[PDB]
Amino acid sequence: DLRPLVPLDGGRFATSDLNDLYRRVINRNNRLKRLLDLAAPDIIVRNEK
Amino acid sequence: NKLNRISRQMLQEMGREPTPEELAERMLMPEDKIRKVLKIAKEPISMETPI
Amino acid sequence: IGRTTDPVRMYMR
Amino acid sequence: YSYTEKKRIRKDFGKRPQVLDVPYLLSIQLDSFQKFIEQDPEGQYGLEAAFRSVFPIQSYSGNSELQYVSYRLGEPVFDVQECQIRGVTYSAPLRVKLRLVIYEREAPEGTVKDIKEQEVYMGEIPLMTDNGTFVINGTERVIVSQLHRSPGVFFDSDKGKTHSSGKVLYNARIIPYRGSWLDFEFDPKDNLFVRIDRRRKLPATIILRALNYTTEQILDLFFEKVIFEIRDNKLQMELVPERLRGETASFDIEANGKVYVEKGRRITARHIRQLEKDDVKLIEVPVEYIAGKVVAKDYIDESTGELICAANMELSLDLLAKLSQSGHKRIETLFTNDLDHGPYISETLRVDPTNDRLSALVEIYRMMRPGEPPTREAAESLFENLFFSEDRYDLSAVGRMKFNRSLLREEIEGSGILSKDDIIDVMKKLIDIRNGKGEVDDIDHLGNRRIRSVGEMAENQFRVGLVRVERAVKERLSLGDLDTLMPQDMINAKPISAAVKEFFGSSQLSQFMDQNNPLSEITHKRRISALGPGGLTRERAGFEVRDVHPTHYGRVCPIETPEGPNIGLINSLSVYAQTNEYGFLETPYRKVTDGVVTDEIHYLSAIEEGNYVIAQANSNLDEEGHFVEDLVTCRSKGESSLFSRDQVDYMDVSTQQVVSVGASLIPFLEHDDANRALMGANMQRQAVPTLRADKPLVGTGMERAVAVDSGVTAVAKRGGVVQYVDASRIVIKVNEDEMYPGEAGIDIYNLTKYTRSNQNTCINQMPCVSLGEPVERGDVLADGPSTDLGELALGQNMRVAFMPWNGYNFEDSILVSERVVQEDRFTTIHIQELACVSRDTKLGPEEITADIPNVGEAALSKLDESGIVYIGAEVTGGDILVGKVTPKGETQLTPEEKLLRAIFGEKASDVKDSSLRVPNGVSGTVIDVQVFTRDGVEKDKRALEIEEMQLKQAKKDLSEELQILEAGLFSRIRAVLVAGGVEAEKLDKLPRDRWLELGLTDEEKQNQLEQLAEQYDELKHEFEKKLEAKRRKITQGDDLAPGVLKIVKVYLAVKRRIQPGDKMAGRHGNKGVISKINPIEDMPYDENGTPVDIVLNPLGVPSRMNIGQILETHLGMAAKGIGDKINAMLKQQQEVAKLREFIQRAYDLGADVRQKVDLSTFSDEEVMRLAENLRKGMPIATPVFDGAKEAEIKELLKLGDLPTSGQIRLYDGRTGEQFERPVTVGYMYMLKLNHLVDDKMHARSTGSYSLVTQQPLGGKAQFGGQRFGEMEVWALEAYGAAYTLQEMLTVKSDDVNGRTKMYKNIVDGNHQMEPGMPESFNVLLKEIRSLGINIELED
Amino acid sequence: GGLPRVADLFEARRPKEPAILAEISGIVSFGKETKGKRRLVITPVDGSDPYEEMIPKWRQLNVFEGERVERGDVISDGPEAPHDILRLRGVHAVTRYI
Amino acid sequence: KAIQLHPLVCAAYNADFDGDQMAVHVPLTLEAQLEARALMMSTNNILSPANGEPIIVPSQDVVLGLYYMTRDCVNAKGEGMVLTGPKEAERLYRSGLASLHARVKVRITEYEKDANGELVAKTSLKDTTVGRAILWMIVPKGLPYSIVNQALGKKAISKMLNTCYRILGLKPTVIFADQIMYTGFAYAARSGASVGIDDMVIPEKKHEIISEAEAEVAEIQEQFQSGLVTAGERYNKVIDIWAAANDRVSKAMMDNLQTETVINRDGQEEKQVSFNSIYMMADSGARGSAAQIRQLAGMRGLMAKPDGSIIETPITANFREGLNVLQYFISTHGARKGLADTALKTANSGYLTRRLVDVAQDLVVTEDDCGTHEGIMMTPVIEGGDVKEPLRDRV
Amino acid sequence: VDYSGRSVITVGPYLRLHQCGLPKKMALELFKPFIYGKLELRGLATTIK
DNA sequence: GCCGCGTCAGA
DNA sequence: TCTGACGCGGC
Ligand SMILES: [Mg+2]
């Protein structure tokens, strides 16, 4: 509720930057999990971390 | 993306612009699916854009 | 090393 | 005297004869854009220039090239008003012819195929209307010109503030149009450093080695050689004597066995003269004077070949001996005299860690892109693309010009990229400045600040779009096979249009046109901002650039500039200023040959003006351009002083020439302090147009040029006679001599009736001509807003009296009679537009019907059957303008409401009310309703009715066009038809179409008839096709924003009357908020019982030195005195000759006066029309600094039988006893500024609250509350008021629960508060905890 | 003077060329010759004497080559950094000053 | 729709009625209403917490009213009567039998509190004017008639308010301030004090003074032209003779203004302080000063250049005449510098006071007496010439 | 802050030192809950609505 | 131990 | 920008 994704009139959505920052954190975290599972070349995993 | 490809072709050929009817002609969508798709793609504007 | 923080640089190097 | 001038001639004081009339005030905008979009058959700046810059696009050696041929601005789809209505940009499509050549591969260069594409569309560009305004989304915008540091090279000092030891650190800076910067600087240790744009600092010689200059070559560049011989004994030295200036000798300097200079003395000129006489070349020099020197070149051990000592090495006795023994008769050294020739480059080379070219490239690379390993080739390519790539670096034409100018080169056109010699010459100039033989430049000098107008800036953005299209084009060109593809698949229109539309809509320099005057618009368009992309910022800069420079004289107004935090950064352009070929401001000057002032006017830039000696415009001359004096005041090289009558070169072209249009409209400017005049100009451009503008009694003669040059009036284009004038159109029957051969025709002017400004004021044109009047070219036909008879009229002439009146004018405040509001003299009209949008929800579409729940027929009274309001409805706050309901669901109402719905059977409806209602406080008339509907949606009754109205109107308009046009045409048809024989009956009686096939005598008669036959058939097709197309425009649907169904816009017209609180202002910065509407019988009044209309406070005059308003007041009293005399003579209906004599006397009454009234006006008709126009007061004109002296004002007063002292005796309307000490009454021009009070008064108890923080906020006519910022909190802490403060920041704002408990207590008559904790604090806690930080309340 | 002067007094900024002071009482002497800086050793006639301080050579010394100086006394000339006023002459000194 | 604000508080708010807006808040709880009434009521803030001086001094039209009311003309209608009291003075004046400035003699009664706060009455034949006697009816009891027997400019008014506050107390002083404002407005209106272009009297000597200065400077110019005097010397002496000229013109115009009205006594002519309305404004303290009067009718001196340097030729014109183009363009520089400076100093002063209030926000008077013996020796502050602040002020 | 308004100031020199002129409309908005309470108190209105 | 330099905060 | 403070480093 403090980083809201309120809708505006006419499909326009207003969002708070924290959503984008959180989203890239979560995406890279999930990709790091997936890489660690796939047993990736260590250069890739380092780049991901 | 298909809509954008088709709209580029239409815009640069017809010159002016496609209207959703004209697109629905180039596509085969029921002329209302077009409008749904046109409503979707607007992206959320930041709540911090300097007014 | 040029004490760079850009990860793009580090990866490409 | 022209006819429109015969209407009302303005008595012009002011004695200097005008020699150059005011140019077209908007020529800057119009000319710049003209340059932009115009077929330029060469590469001069323009669209064509951008095209020729990027094209042809050739593949990555794919032997496939994309080349450009030509372009063509299509026709705009909509008209200007059409765009303003439908809310679309007024633009034109950009068609461009391209050619794709596929060469013949597998053989030498040869073209096999070439597809010439049928004009790939590549975007729209917004056209500029006829006044320099763009219509970007229905709203007129204006692109402010920018004043930015010109490209080129500049040498600055950076004085004092380095190393706490003075030691000015001279630096140089190459600034390109596009590309990286390049700075050189000195350090305290005199080490020449370079730095590419803003990065780390490098030793300069790096870049020198980068350009492939070996250390030998470097020293050979920056130094003179000093030769040493070993002529069989002890280290001789070749010597040229001037090299010896200012030194301390180390040995007996004797040639020819005769001593000339003594070891240890200061050289004299006679010493050097001895030397010049002896022709001393080689002198024997001791080995220790060669100790401190430094070898120039590299010397090897030729006896074995190996090295000896590196170039740039300081010799030592050992090294002397070695170079001797190895056989070096000649030895080079650097001439480094610490007086002239500092050894700067040497010391740098020492600090220079690199040695070779490649290491230098590597060091540059490591500074530029740190971190990646330096490849050789990458370093080379980076450095080449850095400063010498056509693609990535362009100085400019002007960049190159200012560059060569700064390095004292002769050529002007050069290359766009740097070169080795350029950099070297820059380093040389910097070193020279360090030596003292040169001066640094001042950045403020208007010879270094350029003007980028619209044309140039739009061209730059368009060039950006083009380069990204080129990226994508080469990318596509390299990939596939190219026979099938045509030169319109490669090229996208989204990116070009993106760049341009971005620049035009969302830019610092594209601003909503300031539209509440003609003056406001015309001063917005002559604005010169220093901000915007590539400019300063309101906080970066900066106490310095803000100050007026001696170079502004004649180019930039010194007094017109905003007062806030961008003082000095806005700079309205001056009156006669122009723009050089390169964009440097230049002003006109009368060329003064030997003694006679000629009239050829040369426009001088800043630097040119720097040389000559220019005389003031107020220097008396005598019928022969002879300076009547012996020594005359001039400005010479940034300073002013007297000079010989035979010394000047130029004279100021006029006395108005240093101020802007805004300031040149203040009478008696030269009597106002500069501060008050600044405020006066700035507020004068804020007056809101009143109900019926009149004129200023005391003007400056510049009102006409402003009112005409801004396009707010309808100006005749061809002379003629008014055939039909109407409140909405003017039809001129052109004169013959102005007609074209064919298409005789007439001229129609459709006036703009009541319509919205950007500031919600009514712009609206009234015809000032009457039927059958004769008009000339360039004459005013319809007075726009706030102009009257073609003269700018911003305010009204108020009878003012300077006296304190019971404090009601305590501070700047004002006291207004009731007669001023009775007569509705400051009543303005404001037009709002309220838009109701019917969007498609997910719960179903919204409806616009009148079926609105629980609003009585008192509420739905004025809605038509379709839900819209009736035109003409007088509405007020809250009334439903457009009844709109939205679908709604999932009630889930509380048990008690359920019990309600049960006991009363009130079916809880499902459609929520969302109708559009008038905002509170505003109460006006609905004057227009527009309805747009997304096509597909079925129109409702009202939309169909408006459609019918529009369709009828358009049919009738095209009909009136062709009808009255062929009315004039048929007049001419029968005029030519009396030729070929004057056939009276058989020719007139035939239907006016029975001439298409009849045959007349073979002259221009039958010629014109067949001309009109082509006219007939083709105009029949015209009318059909055009009515078809316009009917299509009307009946079609509108491209609404995606998701909406129909929009309804309602226009309210409000007639705001003046009231206590509104801000009023004269023209000299005498502001004021009116504070009492006094009844008439209270106002002071003179012996004739006329009350004064406004009572101003005299105390405002001494402190603020605007003593100009007093003079304007006296002169106004005089003018209205003439007007009253002539009104009296006109009520006795005296005669024409009496009026003529008196008026003539009034139009003289001065010395050297330049009014030059003809005195030969139509003996009776024109004179009587004049006197009718003068009975309200005789308009005076006071050019700015060629004002009207006092004595002339006194004489005007005597002519009107008024006290020359300008002060009369008054009586107090309340008691009728006389004020002692006669007071100053008169007539001042008062404007009403648009800081209206009913747009300021807000107040809220409770309203909406913000989203994340729960604090107040609003825009919905219940705004937020006032901000209770820090300083107020400190105020409450300074009192001991803790409870006030607590309830201020807990219950009145933030405590989401306490605030509603407080409301319920308030209505319960119990004033108490429960504090809790502000929600903003919980938010702060959560945002701290959301870091890794555990913050918590404790107990 | 003006607003910057008040901002500086209250920010207690060192004034770029502080008139140096005499830390302790006693007789003074000059010591090492110009390593870049002359040593002055204020030599208490009674107490712990050996205090010395290295001072640049640009400051003209009011005090004499050998001179019985008192603590918290002007030696070089210029503004007085309030820190030194406080440290040497007390609190009331610095507040009178400010 | 306008908030009507008492005039006497304007100076406190630093308010102008030239468009300034104010915000209103409504205290809700009983504690808040009582705080507002007891702490933040206007009638409690009469002294400023910066210095103990009043903050409710009457400003401009009211001091001009009091001033003009309380001055004396050397022979005016009804001079030399003997009036039976202030009420008779007001009756005379309103009925039009005596001028407001008529040096007259009236019997007044002043109370002075000598006993334990007991006002004892003293009646006497004071030699005063009609206006002063009329104003007397406004003054509360414990004040001496000497407080209105002057010409009562701005400073005199403010100190009269201060003395009333120190002698009587809060309520009588607040009533006094209201009465002063009312009566000052009333007689400012009655006066009809205006300002006309004739009031700025140019001294008849200004032309000669400037011509002699120009002769002098041309002399120095040629003396440098031969070389007898260096360029720096030349420019300096030019500056100095110009400054002496400007000072002379100042003195000349101020002499012609400050006494011009030579008028006839019951016998032959005599001279008195003037009634030139611009002089009255400047002299009362309502508005203006010798600086601004000087720029109006003298010559507006020398102007500085962006580098702070002073230009040689000064503006020998004043606003009553016209500045020609060069002089005006020169003055614009100083004016724009002043404006830019005010903007930037607003920002800087804000930042400073913010830092100040944060370094010291938590300081509260917590204890009643620390019972200590430290202290500072407050002494009058002399610097060179004479005392800049006396002891009394500093203790 | 709630319960707060803004407007342009004028002189009104007939006031006593403790008075300010408050526009009627502004006051009617600032005090609206006080007025609701008082109306319901004197019965002139059955309910707050 | 003493001076130059990069880095950040703040208007 | 610019000013100041200051780690941080070079001499
Ligand atoms: Mg103000």
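About the criteria used
Residues numbered from 1 in each chain as written, not as in the entry; some residues may be left out. Chains lettered and ligands numbered in written order. Part of a larger assembly, values for the part shown. Heavy atoms only, no water. Residues with missing side-chain atoms left out of burial classes, pairs and counts. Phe/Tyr/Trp six-rings, centres within 6.5 Å; stacked < 30°, edge-to-face > 60°. Helix = DSSP H or I, 4+ residues; strand = E, 2+ residues; numbered from the N terminus. Buried < 20%, exposed > 50% of the residue type's maximum accessible area, 1.4 Å probe, protein only. Axes fitted to C-alpha atoms, helices over the stretch in contact; angles between N-to-C directions. Parallel < 35°, antiparallel > 145°, perpendicular 65-115°, else oblique. Left-handed = near helix turned anticlockwise from the far one by under 90°. Contact = heavy atoms within 4.5 Å. Nonpolar A, V, L, I, M, F, W, Y, C, P; charged D, E, K, R; others polar. Donors = N, O, S within 2.8 Å, 3.2 Å for Na, K, Ca; no water. Patch = residues over 30% accessible without salt bridge, like charges linked within 9 Å, V, L, I, M, F, W, Y side chains within 5 Å. Areas by Shrake-Rupley, 256 points an atom, 1.4 Å probe, with all protein chains shown as cover. Salt bridge = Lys/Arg side-chain N within 4 Å of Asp/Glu carboxyl O. Buried area = accessible area lost by both parts, 1.4 Å probe. Polar contact = N/O pair within 3.5 Å; in protein donor to acceptor, adjacent residues only side chain to side chain. Pairing = 2+ DSSP bridges.

If you check the header, you'll see the entry was determined by cryo-EM and the resolution is listed as 3.18 Å.

A.B. asks: Pulling in residues and values, what's your account of the packing of aromatic side chains?
C.D. replies: What the rule picks out here adds up to 24 aromatic pairs over all chains. Look at D:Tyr553 and F:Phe329: their rings are 5.4 Å apart centre to centre, the planes differ by 75 degrees, and that puts the pair in the edge-to-face class. Taken together, the residues D:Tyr553 in the loop between β26 (528–529) and β27 (578–579) and F:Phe329 in helix α12 (residues 325–359) connect one chain to another. One exposure class covers both D:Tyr553 and F:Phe329, and it is buried. An aromatic cluster of three or more residues is present, and its members are D:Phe33, D:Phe36, D:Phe134, D:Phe503 and D:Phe504.

A.B. asks: Explain the packing of helix α6 (residues 154–167) of chain F against helix α7 (residues 170–191) of chain F residue by residue, including any values.
C.D. replies: All names here are of chain F. Interaxial distance between α6 and α7 falls to 8 Å at its minimum, and their mutual angle equals 155 degrees. By the criterion of interaxial angle, the relationship of α6 to α7 is roughly antiparallel. Handedness of the crossing formed by α6 with α7: right-handed. Of the residues in α7, those in contact with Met 160, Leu 161, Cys 164 and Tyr 165 of α6 are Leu 170, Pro 172, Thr 173, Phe 176, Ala 177 and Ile 180. For the contact of α6 with α7, the per-class residue count stands at 9 nonpolar, 1 polar and no charged.

A.B. asks: Hey, could you go over the coordination of the magnesium ion for me, with residue numbers and the actual values?
C.D. replies: Residue and element names in this part refer to chain F. Around the magnesium ion, the donor atoms from the protein are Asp 18 (OD), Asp 20 (OD) and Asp 20 (OD), and they sit 2.1 to 2.8 Å away. Here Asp 18 falls in the buried class, since its relative accessible area comes to 13%. The class of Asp 20 is partly exposed, set by a relative accessible area of 29%.

A.B. asks: Give me the lowdown on unusual backbone geometry, citing residues and values where you can.
C.D. replies: When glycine is set aside, most residues are seen to have a negative phi, and most peptide bonds are trans. All names here are of chain D. Here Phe 55 and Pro 56 are connected by a cis peptide whose omega angle stands at 0 degrees. With an omega dihedral of 5 degrees, the bond running from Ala 541 to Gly 542 counts as a cis peptide bond. Position of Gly 542 among the secondary structure elements: in the loop between β26 and β27. Of note in this structure, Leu 1159 is not a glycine but carries a positive phi near 75 degrees.

A.B. asks: Outline a nonpolar patch on the surface, supporting the account with residue identities and numerical values.
C.D. replies: On the surface, a cluster of nonpolar side chains totalling about 510 Å² of accessible area is made up of E:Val6, E:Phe10, E:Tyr97, E:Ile98, F:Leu356 and F:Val359. Position of E:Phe10 relative to the elements: it lies in helix α1 (residues 3–11).

A.B. asks: Could you give an account of the interface of chain D and chain F, with specific residues and numbers?
C.D. replies: Tallying the contact residues gives 96 residues for chain D and 80 residues for chain F. Taking both partners together, chain D and chain F bury about 7900 Å²; carbon and sulfur atoms supply 63% of that area. Where chain D packs against chain F, one counts 4 salt bridges. Its salt-bridge partner being D:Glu1190, residue F:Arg320 comes within 2.3 Å of it at the nearest N-O pair. For the interface between chain D and chain F, the tally reads 26 residue pairs in polar contact. Counting only elements with at least two residues in the side of chain D that touches chain F, the list comes to β31 (631–635), α18 (674–684), α25 (1100–1103), α26 (1108–1131), α29 (1190–1199), β60 (1223–1232), α30 (1270–1278) and α31 (1282–1289) of chain D. For the side of chain D that touches chain F, the leading source of residues is α31(D), giving 5 residues. Partitioned by chemical class, the residues of the side of chain D that touches chain F number 44 nonpolar, 30 polar and 22 charged.

A.B. asks: Can you break down the interface of chain F and chain G residue by residue, with the values?
C.D. replies: Note: interface size is frequently given as the accessible area lost on complex formation between the parts. Taken together, the 28 residues of chain F in the interface contact 27 residues of chain G. At the boundary of chain F with chain G, total buried surface from both sides reaches about 2600 Å², with 66% on carbon and sulfur atoms. Counting the contacts that link chain F with chain G gives 0 salt bridges. Here the residues of the side of chain F that touches chain G sort into 18 nonpolar, 6 polar and 4 charged. Here strand β1 (residues 3–5) of chain F runs beside strand β1 (residues 4–10) of chain G; their pairing, made up of 2 bridges, is parallel. Residue pairing across strands places F:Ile3 opposite G:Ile9, the latter belonging to β1(G).

A.B. asks: Would you mind going over the pattern of salt bridges in detail, with residue names and values included?
C.D. replies: All names here are of chain D. The tally for this structure, following the rule as stated, stands at 93 salt bridges over all chains. Ionic pairing is found between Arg 173 and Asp 183, a salt bridge with its closest N-O pair at 2.9 Å. You can see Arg 173 sitting in strand β10 (residues 171–175) and its partner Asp 183 sitting in strand β11 (residues 182–185), a full 10 residues away along the chain. The exposure class assigned to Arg 173 is buried, which follows from its relative accessible area of 19%. When the shortest N-O distance is used, the salt bridge between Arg 1169 and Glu 1165 registers 3.4 Å. Residue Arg 1169 and its partner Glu 1165 are both found in helix α28 (residues 1165–1174); the two are separated by 4 residues, about one turn of the helix. For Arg 1169, a relative accessible area of 18% corresponds to the buried category. By sharing partners, the salt bridges in this structure join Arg 8, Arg 10, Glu 703, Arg 704, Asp 788 and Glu 791 into a single network.

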